[PDB]
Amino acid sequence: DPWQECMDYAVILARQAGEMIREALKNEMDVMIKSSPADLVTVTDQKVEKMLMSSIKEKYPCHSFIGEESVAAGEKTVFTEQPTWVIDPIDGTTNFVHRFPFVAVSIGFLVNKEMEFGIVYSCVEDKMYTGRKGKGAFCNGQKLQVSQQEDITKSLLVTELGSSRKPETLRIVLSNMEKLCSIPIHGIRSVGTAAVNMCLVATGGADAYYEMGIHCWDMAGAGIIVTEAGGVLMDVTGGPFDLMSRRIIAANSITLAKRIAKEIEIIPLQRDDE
């Protein structure tokens, strides 16, 4: 009702951003590093974020904004109940730099710290994923539904190794994969983008996604797409989902989400709001 016009505008912006990404893919890139040698950024990430943030500020000046590259530039995240846009200009910068065909624009929109709508545009494959509270989840006009698989022994999981090259984090990430593989499970997949990995849970192609070390902007868009497809969001502890906690289990069911949580050793991480 008051937010549908925001969602309609956000889809138009996601498409403009996808055109910018696809155009930069045709050209040579200057690749910069951020927190680690595997944490990449390009001028495209910065240019896309500047376009999105300027476009939303002009149309909705009283709204709040949280963006991956704005935080990298020094802007401090202060999460409120306020209408908030949580942007990831290029989710999958490593994929983008390499031309690995899964690169997304993620636009999340929160009211009362709860997800209202989310847009995840997988721009190379031209797949527009959308979710809106009580309105359903879609991919290019196709309504989405999570899988029915509650048995972990017959489960297919999506995850990422992460950008961290810190020895102890890498050890915990790999040990958690080993614990899950040993249950046993049917397998683990990685397309290289948190948002697209979560959208694969929403379509029912994967049963669950889990990750530690991601940020609010990686999951704000896809989070509502999973829940509107019939899925659940949970903290890796089994506790209620926390957007600023850097941790998530996005699953088809509570049963599977709780089962995954029992296998995960937590990585110590600085919160997005600390």
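Residue numbers run from 1 along the displayed sequence.
Stretches 25 to 33 and 62 to 70 differ in mean C-alpha B factor, with the higher average recorded for 25 to 33. Once the C-alpha B-factors are averaged per stretch, 36 to 44 and 211 to 219 rank with 36 to 44 first.
Per the deposited coordinates, the residue with the largest Cα temperature factor out of 130, 145, 106, 169 is 169. The maximum CA B-factor among the listed residues 112, 203, 155, 193, taken from the PDB record, is found at 112. For residue 182, the recorded CA B-factor ranks within the highest third of the chain. Only modelled residues enter the ranking.
Among the modelled residues of the chain, residue 149 sits in the highest third by CA temperature factor in this PDB entry.
Sorting the modelled residues of the chain by their CA temperature factor places residue 83 in the middle third.
Ranked against the other modelled residues of its chain, the C-alpha B-factor of residue 199 as given in the entry falls in the lowest third.
When the modelled residues of the chain are ordered by their C-alpha B factor, residue 140 lands in the middle third.
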